[PDB]
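S.K.:
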Amino acid sequence: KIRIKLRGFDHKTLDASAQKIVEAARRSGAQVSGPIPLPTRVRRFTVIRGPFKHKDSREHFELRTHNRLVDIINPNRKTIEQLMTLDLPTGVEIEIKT
Amino acid sequence: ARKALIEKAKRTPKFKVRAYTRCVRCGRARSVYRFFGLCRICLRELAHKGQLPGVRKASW
Amino acid sequence: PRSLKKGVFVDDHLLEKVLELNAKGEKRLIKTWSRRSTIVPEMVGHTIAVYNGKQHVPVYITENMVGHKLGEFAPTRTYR
Amino acid sequence: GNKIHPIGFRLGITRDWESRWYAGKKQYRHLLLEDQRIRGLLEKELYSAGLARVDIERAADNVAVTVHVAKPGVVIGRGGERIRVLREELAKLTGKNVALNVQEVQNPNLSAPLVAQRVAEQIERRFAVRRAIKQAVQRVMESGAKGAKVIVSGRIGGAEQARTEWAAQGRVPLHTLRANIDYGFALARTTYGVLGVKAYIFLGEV
Amino acid sequence: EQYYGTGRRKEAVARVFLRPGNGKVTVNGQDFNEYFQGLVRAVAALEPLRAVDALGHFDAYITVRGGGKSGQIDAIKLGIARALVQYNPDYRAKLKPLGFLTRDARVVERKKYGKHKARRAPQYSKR
Amino acid sequence: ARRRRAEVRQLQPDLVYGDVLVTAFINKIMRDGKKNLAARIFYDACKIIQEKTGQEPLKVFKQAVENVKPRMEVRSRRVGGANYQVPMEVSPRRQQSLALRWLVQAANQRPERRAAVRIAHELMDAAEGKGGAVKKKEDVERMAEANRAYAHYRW
Amino acid sequence: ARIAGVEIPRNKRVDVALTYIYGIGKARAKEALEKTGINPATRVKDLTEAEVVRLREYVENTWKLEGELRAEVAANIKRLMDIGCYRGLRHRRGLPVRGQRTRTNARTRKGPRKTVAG
Amino acid sequence: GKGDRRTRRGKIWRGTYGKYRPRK
RNA sequence: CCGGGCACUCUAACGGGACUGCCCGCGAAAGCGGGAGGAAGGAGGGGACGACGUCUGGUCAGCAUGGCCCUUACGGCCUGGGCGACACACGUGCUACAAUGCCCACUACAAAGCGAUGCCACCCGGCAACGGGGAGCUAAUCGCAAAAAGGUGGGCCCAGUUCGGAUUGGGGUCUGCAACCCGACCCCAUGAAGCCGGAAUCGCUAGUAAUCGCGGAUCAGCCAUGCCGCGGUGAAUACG
Ligand SMILES: [K+]
Ligand SMILES: [Mg+2]
Ligand SMILES: [Mg+2]
Ligand SMILES: [Mg+2]
Ligand SMILES: [Mg+2]
Ligand SMILES: [Mg+2]
Ligand SMILES: [Mg+2]
Ligand SMILES: [Mg+2]
Ligand SMILES: [Mg+2]
Ligand SMILES: [Mg+2]
Ligand SMILES: [Mg+2]
Ligand SMILES: [Mg+2]
Ligand SMILES: [Mg+2]
Ligand SMILES: [Mg+2]
Ligand SMILES: [Mg+2]
Ligand SMILES: [Mg+2]
Ligand SMILES: [Mg+2]
Ligand SMILES: [Mg+2]
Ligand SMILES: [Mg+2]
Ligand SMILES: [Mg+2]
Ligand SMILES: [Mg+2]
Ligand SMILES: [Mg+2]
Ligand SMILES: [Mg+2]
Ligand SMILES: [Mg+2]
Ligand SMILES: [Mg+2]
Ligand SMILES: [Mg+2]
Ligand SMILES: [Mg+2]
Ligand SMILES: [Mg+2]
Ligand SMILES: [Zn+2]
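As given, the protein sequences belong to chains J, N, S, C, I, G, M and U, one line each in that order. Residue 3 is where the first sequence starts when you use PDB author numbering, and the numbers rise one by one after that. Residue 2 is where the second sequence starts when you use PDB author numbering, and the numbers rise one by one after that. Residue 2 is where the third sequence starts when you use PDB author numbering, and the numbers rise one by one after that. Residue 2 is where the fourth sequence starts when you use PDB author numbering, and the numbers rise one by one after that. Residue 2 is where the fifth sequence starts when you use PDB author numbering, and the numbers rise one by one after that. Residue 2 is where the sixth sequence starts when you use PDB author numbering, and the numbers rise one by one after that. Residue 2 is where the seventh sequence starts when you use PDB author numbering, and the numbers rise one by one after that. Residue 2 is where the eighth sequence starts when you use PDB author numbering, and the numbers rise one by one after that.
1. Just to confirm, are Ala52/I and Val26/I a CB contact at a threshold of 8 Å?
2. Flag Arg102/M as yes when its Cβ comes closer than 7 Å to any non-hydrogen atom of ligand 16, and as no otherwise.
3. With 8 Å set as the bound, which would you pick, yes or no: does the beta-carbon of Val49/J sit closer than that to a beta-carbon of chain N?
4. Using the Cα positions of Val66/G and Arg119/G, report the straight-line distance between them to the nearest angstrom.
5. Cutting at 6 Å between CB atoms, please list the residues of its own chain near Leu39/N, excluding the five before and the five after it.
6. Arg43/J bridges to which residues according to DSSP?
7. State the Cα-Cα distance for the pair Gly80/I and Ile74/J, rounded to the nearest angstrom.
8. If you run the structure through DSSP and keep just helix, strand and coil, what is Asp60/I?
9. For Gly194/C and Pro14/N, I'd like the C-alpha separation in whole angstroms.
10. By DSSP, does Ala52/I sit in helix, in strand, or in coil?
11. Curious, which full-length alpha helix (DSSP H) runs of at least 4 residues does the stretch 99-127 of chain G contain?
12. Would you mind sorting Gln162/C into buried or exposed? The rule is 16 or more other CB atoms within 10 Å of its CB.
13. For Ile7/N and chain J, any beta-carbon pair shorter than 8 Å?
14. What are the start and end residues of each continuous beta strand (DSSP E) run of 3 or more residues lying completely inside the stretch 4-66 of chain M, in chain order?
15. Taking only the alpha-carbon atoms, compute the straight-line gap between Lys93/C and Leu40/J and give it to the nearest angstrom.
16. Tell me whether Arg38/C, by its Cβ, gets closer than 7 Å to a heavy atom of ligand 29.
17. Specify whether the stretch 77-93 of chain J and the stretch 28-42 of chain J touch according to this definition: at least 3 beta carbon pairs, one from each stretch, less than 8 Å apart.
18. Could you check whether the Cβ of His176/C sits closer than 7 Å to any heavy atom belonging to ligand 12?
19. What do you reckon, are the CB atoms on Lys78/I and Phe101/I nearer than 8 Å?
20. What's the C-alpha gap between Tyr18/U and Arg7/U?
21. Along the chain, where does the alpha helix (DSSP H) that runs through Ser92/G open and close?
22. Going along chain J in order, which residues have a C-beta closer than 7 Å to the C-beta of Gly51/N?
23. Which stretch, first to last residue, makes up the alpha helix (DSSP H) that contains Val66/C?
24. For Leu99/I, collect the residues of the same chain with a Cβ closer than 6 Å to its Cβ; drop the 5 residues on either side in sequence, then sort them by chain order.
25. Give me the Cβ distance between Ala84/I and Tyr4/I, rounded to the nearest whole Å; I'm assuming they're in contact under 8 Å.
26. Within the same chain, show all residues whose beta-carbon is closer than 7 Å to that of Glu146/G, passing over the 5 residues directly before and after it, in chain order.
27. Is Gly26/M near ligand 8 - that is, is its Cβ less than 7 Å away from at least one heavy atom of it?
28. Looking only at C-alpha atoms, which of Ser19/J, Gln21/J and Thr42/J sits nearest to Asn69/J?
29. Pull up the distance between the alpha-carbon of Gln106/G and that of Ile30/G, whole angstroms please.
30. For the stretch 70-100 of chain J, enumerate the residues whose C-beta is nearer than 8 Å to any C-beta of chain C, in chain order.
31. Grab me the residues of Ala72/M's own chain with a C-beta within less than 7 Å of its C-beta, minus the 5 sequence neighbours each way, in chain order.
32. Quick one, which of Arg111/G, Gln86/G, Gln64/G and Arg10/G has its alpha-carbon nearest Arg143/G's?
33. Assuming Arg40/C and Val64/C form a contact by the criterion Cβ under 8 Å, report the distance between their Cβ atoms to the nearest whole angstrom.
34. Taking a Cβ distance cut-off of 7 Å, strictly less, list which residues of the stretch 78-98 of chain I are near chain G, in chain order.
35. What residues in its chain sit with their C-beta under 8 Å from that of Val207/C, if we drop five residues either side in the sequence?
36. Among residues of its own chain, excluding the 5 on either side of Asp16/M, which ones have a beta-carbon nearer than 8 Å to its beta-carbon?
Structural data, given as structure tokens:
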């Protein structure tokens, strides 16, 4: 019963970190319930191409935020041994709650 | 983007309504996105240069 | 079909000035750049020079002028 | 009115962001301004060393600034005091108190920013522009570099009329997403005007 | 016992469950004619059964959500077709010429900049 | 259509009579994309056809459409610098299209209050050989064959 | 019948009929027929003499009506003009008063279109 | 139509609420 | 809703899948026509992407920048006015001119987004704008929220009107130091032109046109009927 909310801009990085957490918790904890997709938050930005009038191009971009919901059950006292300091990813934020 | 207008940054704008937002990079006044703090032109430039994490070209 | 709010706003620039004039008499033309201020009854009888952007027009205030702004009697634009 | 930026066109595949960190909506602009100031002060001091890229990564009040320079001996200084002064200015500008890393660039003639900088220096020294572009493209192609292209903007040779010298050879498939084309841009500030130098270097297919 | 079909049309799903019964249909707890009957094309959702002329051999329990009720009707058609095919594969040769098992891939085309609705160019006069 | 031949669209059959012509008439009645409203109009018009005529409304509908179909029309042609009204035959698809369009347009010209009554009365009058649509057919077949002298400009 | 002036609506719903009173719209007609306890669906020719007297007694003196209403609006505009107000100037020139543009339409305040040379 | 302040479609078009378009 | 479980729907990562592979006809071939199978074919549909160059095209007013010019003012601060001026002309749009409509009541389905000096369920006051109180929500779990056309019932009965809401009078709300010039919104009253538009002219080949509503960026507020997106219903026609 520990809420884990991962958030990031790269899906490969979040997925790799989630699989790392799952493999580090399987050997030391109980049957992990795996990650949940937690649908993406997309924020778009439409910006005129040219610095002057040229109104009908607009070349819009997007920024997506992906989330993960590992949510390990049975927070065994042996699980945090392989956890809480073992991480490759950099551009990934982690949320932990009880 | 006149230099004197870069006085926009002001702890004492004398009023809340007078406080507007400018582009921190080029000093623009219009089309200033609040999320990035830049204008639209600097947004496009720094997005092309890859200096904005997670910003990608949209297509659907 | 106009209104502002409860607690009518009047610029305290000339608010103290008109009552200071009433405290001693009926002094002549007063010059005010605050055309946003609302007319109050204690101004009736005086003559306020309202700045219309270029000059000061000698707006004399009567009884039936209470409630309006000074700019309503100081036109800013010239036409024909 | 065409030819969008290739680096931004490939930020998804075969090109990664220089700044790679997550930040909320209430903090994205501040960290972005901070990274912009970092790159600004970095490109003003390390130009003599030939820096090609400045990668910025953030986890929690710690920034792993990795500067890719063709000549690390300049950024290191005597015994390592230059990097000490640079980290001092870094901690003075940003109160984050972070570290710094240096990466040597093997064969700087394969990084388009440094190629464009070399061409811009040659243009600023009053060198033959056509020969400069030809020699630069030749130096790039003669070491790997399955494709190369260098473009110089108007006022070539200080002329009154603006021109554009092409001088390219190899393969530059700009419309190919998997092209992996390194792109660089430099400026030449002359007594008569401003010269824009663009450099495309094509390497790898998948 | 029970045969399932999914179906989909214009961003709408309709879980179709076929259980042999009288021939009455339930949709989201409501009757087939209390959701419909105000939509003329509703009968089309029962066209697969008429394709095999059963019309009384299968009660239907359908759970529909997504798009509008017309796309919902067509998704119900496709779901009934899929469940009826799962019942007996020999029905495919009877349902393929009618195309009831064909997925309708017509989707609302995305709106584009410079135009009004994804294709409507803004009117110009040139004078 | 320049490159291809622009093959004709195949309409879904009617939900009542199973006729694609009925569906095409529905579509010609349709307005702003309101299919259910046009279906209401036409099916209530069919309910008006009965209790006014012992015949099934499908037969009356088909016979009216057949009575509206024009045999020859007249198209313009620029020859020698001038513009002439050349008569020429009509393909069956254009016959059906013009028939349905004329039926709808002539029905909405009627003084009847609601749309179902208009469509029903127009269908009946066209089935018995009168109304605005038959007048349009007669005017077209008058203009055509009134300029027989241009028959050699057929093309 | 004759209610709240010399005006007589006839042969339609009583609320729609009262809409033909100058000081009365649909809201005031609904309010009057609601406080007077009169079915708004009935026609005018289907009204009881007592119901007409009731509606008359209420509407005649509960709001300001045709004569006094037009006189009061004219007096308001005349007062705006006599005080030299900006709105009085706009009424004086036959121009929009409520802050609309004049380089273009807002023709409904300027009357017909007096095209000139150019 | 959509331009009458005192109608349902008027409030919906202008995106407001009032006497002629309550919030249940 | 609880127990309960990942079958289905959905969610987001990966992968499969279509290549004229197969069949018939034609053809030197490429390929074309048709068919089978298939969710889909003959570029499946839509984006992103737009060559050497042209227009001495546009912008030194986003920025950079050569030269020239101003430096007790061509720089700088502030108050107010102005950019909203109206005899007129044009472009782009919005709303309409109604019965395939309008209005009232009840009722049923969507996608994409936004949300902590924020979104505000809900309760009370108020005709209402809104105010007071106050739950939840770092948000697939709470809120914006109602989707609208639609359906069902009822009213209107062809009249400038229960069409259409311009204009104006009066009374208010909210943002904001401050709504005179010059805000939006609410309520009462007012009720304009307008009966489908001359010469001329525009968009669109399928989920397109048409029509219906929803969100967002900038923004304290807003003149947004704009712009960028989202889904609902859904045509006509192409001889050439
Ligand atoms: K040029
Ligand atoms: Mg384009
Ligand atoms: Mg400047
Ligand atoms: Mg502001
Ligand atoms: Mg008050
Ligand atoms: Mg659409
Ligand atoms: Mg006709
Ligand atoms: Mg009246
Ligand atoms: Mg109305
Ligand atoms: Mg599963
Ligand atoms: Mg499955
Ligand atoms: Mg391509
Ligand atoms: Mg020029
Ligand atoms: Mg010019
Ligand atoms: Mg302007
Ligand atoms: Mg104005
Ligand atoms: Mg004039
Ligand atoms: Mg004159
Ligand atoms: Mg013009
Ligand atoms: Mg209440
Ligand atoms: Mg849930
Ligand atoms: Mg009815
Ligand atoms: Mg009326
Ligand atoms: Mg008239
Ligand atoms: Mg009429
Ligand atoms: Mg096309
Ligand atoms: Mg806003
Ligand atoms: Mg809007
Ligand atoms: Zn900028």
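In this text, a Cβ means the ideal position worked out from N, Cα and C, and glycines have one as well.
M.R.: Here's the rundown:
1. no
2. yes
3. yes
4. Annotation: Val66/G to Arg119/G spans about 16 Å, alpha carbon to alpha carbon.
5. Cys24 and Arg26
6. By DSSP's assignment, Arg43/J forms a beta bridge with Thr67/J.
7. 37 Å
8. strand
9. The straight-line gap separating the alpha-carbon atoms of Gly194/C and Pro14/N is approximately 40 Å.
10. helix
11. none
12. Counting the other Cβ atoms within 10 Å of the Cβ of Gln162/C gives fewer than 16, which makes it exposed.
13. No, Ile7/N lies away from the interface with chain J (no Cβ there is under 8 Å from its Cβ).
14. none
15. 40 Å
16. The answer is no for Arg38/C.
17. Contact holds: three or more Cβ-Cβ distances are below 8 Å.
18. yes
19. yes
20. 10 Å
21. Looking at the DSSP string, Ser92/G is not in any alpha helix (DSSP H), and its letter there is neither H nor E.
22. Under the 7 Å cutoff, chain J gives no residues; its nearest Cβ is about 12 Å from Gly51/N.
23. Where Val66/C is concerned, there is no enclosing alpha helix (DSSP H), although the beta strand (DSSP E) it sits in stretches over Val66 to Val70.
24. These residues qualify, in order along the chain: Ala52.
25. 4 Å
26. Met73 and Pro88
27. Yes - ligand 8 has a heavy atom lying nearer than 7 Å to the Cβ of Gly26/M.
28. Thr42/J
29. Those two C-alpha atoms are separated by around 9 Å.
30. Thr92, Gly93, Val94 and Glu95
31. none
32. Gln86/G
33. Not really, about 12 Å apart at Cβ, beyond 8 Å.
34. Legend: CB atoms of the stretch 78-98 of chain I lying less than 7 Å from CB atoms of chain G are not found in any residue.
35. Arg179
36. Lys27, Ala30, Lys31, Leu34 and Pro41
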